[PDB]
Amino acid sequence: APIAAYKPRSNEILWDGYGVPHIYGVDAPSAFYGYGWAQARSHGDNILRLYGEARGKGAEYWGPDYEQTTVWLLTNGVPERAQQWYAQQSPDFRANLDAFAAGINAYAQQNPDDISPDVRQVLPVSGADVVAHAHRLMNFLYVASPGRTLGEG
């Protein structure tokens, strides 16, 4: 018999002294929104940069240093597959993904001066972007790295 579960009556993020967010939501989408909000506040610059890369637009936004990854992702059809995977999500879960992205966009909109100038062009992000980054990380970084295919170690 586990202890009684907490039932939130309002949406709020309670941050502790180490910057750890305790996100309380009245429903699932609300929790994902708060989580996206929190992640943006804590790691926004890099998250936006990564989502930009997952779109296959690293070269477009930041130049030559991101071109190889752009070619790797576009050639493997990552951006388009992400759109398909996004469309193939169950209605409920897709709603959570949208909320997550919404939270990231909201934080950025509320605190524009805290988003690094170089990654502001990435906004707004979508649920599809979220799926794209996760797809890249899993299949095209962990499972199949560009290094192993290109024989560049």
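In case it trips you up, residue 1 is the first one in the sequence shown, and so on.
The stretch 5-13 shows the higher mean C-alpha B-factor when 21-29 is compared against 5-13 in the entry. The stretch 140-148 shows the higher mean C-alpha B-factor when 140-148 is compared against 127-135 in the entry.
Set against one another, the Cα B-factors of 70, 46, 42, 90 in the record reach their highest point at 90. For the set 60, 98, 65, 53, the maximum C-alpha B-factor listed in the entry falls on 65. In the deposited entry, the Cα temperature factor of residue 104 sits in the bottom third of values across the chain's modelled residues. For residue 115, the recorded CA B-factor ranks within the highest third of the chain. Only modelled residues enter the ranking.
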